[PDB]
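Counting from 322, one number per residue, gives the positions in the sequence shown under the entry's author numbering. The beta-carbon is built from N, C-alpha and C at its ideal position, and this holds for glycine as well.
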Amino acid sequence: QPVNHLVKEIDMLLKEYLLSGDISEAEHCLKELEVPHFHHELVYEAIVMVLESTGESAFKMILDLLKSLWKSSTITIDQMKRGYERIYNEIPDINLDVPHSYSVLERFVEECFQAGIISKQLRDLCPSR
């Protein structure tokens with residue numbers, strides 16, 4: 322299949338963040354991509370990475386990145402909503418691939434709500450509930 326160059330760049334950005342811990346680098350690289358109508362894909366891929374990870378480090382790191390991106394006006398409400406809704410749609414299959422993903426997703430969504438970055442409506446739409 323042909324390369325989706327932008328998916329590749331978003332995955333590289335997220336992996337570089339998880340490996341380096343450098344939130345500012347991640348933010349700057351996202352802005353340099355200049356893809357504000359594909360920020361739903363950043364959100365989607367970031368949450369999939371949390372679901373696929375082990376231990377707590379990726380969960381916290383991705384939480385902190387999404388917190389900063391929302392709070393800095395880098396992701397619009399529509400893009401944020403669509404990223405989470407895309408995860409909510411695909412979670413049955415993600416959960417088959419990675420058991421107990423419903424519970425990880427629910428914890429992640431609750432922590433995002435506790436951080437002020439998603440509406441109560443969007444939290445409540447999580448199918449784990």
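Closest Cα partner of residue i within the set the options
{"i": "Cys433", "options": "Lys402, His421, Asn410", "result": "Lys402"}
{"i": "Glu337", "options": "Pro323, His326, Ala367, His358", "result": "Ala367"}
{"i": "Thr395", "options": "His349, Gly437, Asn416", "result": "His349"}
{"i": "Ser341", "options": "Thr397, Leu426, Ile383", "result": "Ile383"}
{"i": "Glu427", "options": "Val369, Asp343, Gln400", "result": "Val369"}
{"i": "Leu354", "options": "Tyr365, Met333, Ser374", "result": "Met333"}
{"i": "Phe429", "options": "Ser449, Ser345, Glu346, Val328", "result": "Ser449"}
{"i": "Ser374", "options": "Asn410, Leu339, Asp445", "result": "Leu339"}
{"i": "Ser440", "options": "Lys329, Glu406, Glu346", "result": "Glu406"}
{"i": "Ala436", "options": "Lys392, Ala347, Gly376, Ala379", "result": "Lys392"}
Buried or exposed (CB count within 10 angstroms, at least 16 for buried), residue i
{"i": "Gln442", "result": "exposed"}
{"i": "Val425", "result": "buried"}
Proximity below 9 Å, CB of residue i to CB of residue j
{"i": "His360", "j": "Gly404", "result": "yes"}
{"i": "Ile331", "j": "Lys388", "result": "no"}
{"i": "residue 283", "j": "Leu372", "result": "The requested residue 283 is not part of the displayed model; the chain covers only 322 to 450."}
{"i": "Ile344", "j": "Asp385", "result": "yes"}
{"i": "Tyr423", "j": "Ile412", "result": "yes"}
{"i": "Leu390", "j": "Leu351", "result": "yes"}
List, from N- to C-terminal side, the alpha helix (DSSP H) runs of 4 residues or more that fit wholly inside the region 336-409.
344-354, 360-373, 378-392
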